[PDB]
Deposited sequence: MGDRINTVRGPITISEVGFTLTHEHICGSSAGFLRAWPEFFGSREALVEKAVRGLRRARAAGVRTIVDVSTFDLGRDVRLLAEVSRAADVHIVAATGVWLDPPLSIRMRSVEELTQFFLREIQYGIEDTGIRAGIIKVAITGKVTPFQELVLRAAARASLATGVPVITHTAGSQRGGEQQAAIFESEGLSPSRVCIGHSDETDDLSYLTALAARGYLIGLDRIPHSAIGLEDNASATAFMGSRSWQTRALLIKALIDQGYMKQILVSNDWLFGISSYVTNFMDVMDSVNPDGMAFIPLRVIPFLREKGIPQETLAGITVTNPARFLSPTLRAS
């Protein structure tokens, strides 16, 4: 079973899954301390519920909210929006690119215990348990980011929950992360190398897939061209790695961690929001001759295999 913000669900209930999404990209405590930044908490909820309902009408049944503590994850917001929209949401532990001092002063052992707390006991006082570990790194893995990756590997090994990563400021970087994960004994089948659609180096992606890594082609609408990114899905299929592909939008319904009103810029480029993958990418792949069964394998079978805790 897979833990969601409304409790455990069985694999058969997961359905069509977007594996790299957010409700809100923010900072810890910020939605509670300045909800007016987003108009109001009520306005953010209404926008997220409409957006998730739109995705649900296009076939989505589950999203993975990869927001960590330091990206302002508010699991009570996620639970409210999940219930209102009837879309499952998997919550995350881990560390993104803006850890406060109380996180970035910590050792690998301490970070391991924090991730384990959020997976095994629950997030804050809610009883909601994380179902994924998210780690972000920058170009050249910093000493702290290496501790995070090792703590994530150790928490995954103790719980079976998967790890999803990405590299900021670089079109590659999966090899750095893979070497650290493998040094810890982590299986590549527990790891998605995310934002992999930001490179055109197909031999780099094929080599990671051949080692058993999942390839996150999950920023498709952020080409602000999306068709070129989406053709990477067909190319990995043609190489025989359909089972290794995860697809998503990397979307959100509010954002405070960048410039003011960046949400408006994003919405203007991708008015489909979370429905961009099912409404645009899936029909595009079908028009290119990808069979429905292969598309269902990528959007349903692969995410369930990835998310199912597997020791």
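Note: segments 1-3, 228-243, 331-333 of the deposited sequence have no C-alpha coordinates in the structure.
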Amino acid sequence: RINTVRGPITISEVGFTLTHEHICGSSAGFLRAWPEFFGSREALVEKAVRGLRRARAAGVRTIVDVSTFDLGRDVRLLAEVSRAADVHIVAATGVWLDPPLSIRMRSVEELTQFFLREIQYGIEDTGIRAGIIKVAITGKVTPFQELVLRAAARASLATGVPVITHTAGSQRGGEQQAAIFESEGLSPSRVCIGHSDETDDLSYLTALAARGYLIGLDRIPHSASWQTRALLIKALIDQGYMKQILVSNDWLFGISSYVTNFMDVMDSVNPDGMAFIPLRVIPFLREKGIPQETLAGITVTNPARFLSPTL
From here on, numbers count along this sequence of modelled residues.
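For clarity, a rigid core is taken as the largest C-alpha set superposing within 1.5 Å between two forms.
Superposition on the core shows that, in 5 other deposited structures of this protein, the C-alpha atoms drift more in one of 176-184 and 162-170; this is 162-170. As the entry records it, the average C-alpha temperature factor is higher for 202-210, out of 158-166 and 202-210. Taking the mean C-alpha B-factor of each stretch as recorded, 242-250 and 278-286 are not equal, and the higher mean is that of 278-286. Highest C-alpha temperature factor among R129, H88, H222, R190, as the PDB entry reports it: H222. Between the residues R76, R150, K134, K234, it is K234 that shows the highest Cα B-factor in the PDB record. Remark: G297 belongs to the highest third of its chain, ranked by C-alpha B-factor as recorded. Among the modelled residues of the chain, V141 sits in the highest third by CA temperature factor in this PDB entry. Among the modelled residues of the chain, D65 sits in the lowest third by CA temperature factor in this PDB entry. In the PDB entry, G25 places in the lowest third of its chain by CA B-factor. Per the deposited record, the Cα B-factor of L18 falls in the lowest third when ranked against the other modelled residues of its chain.
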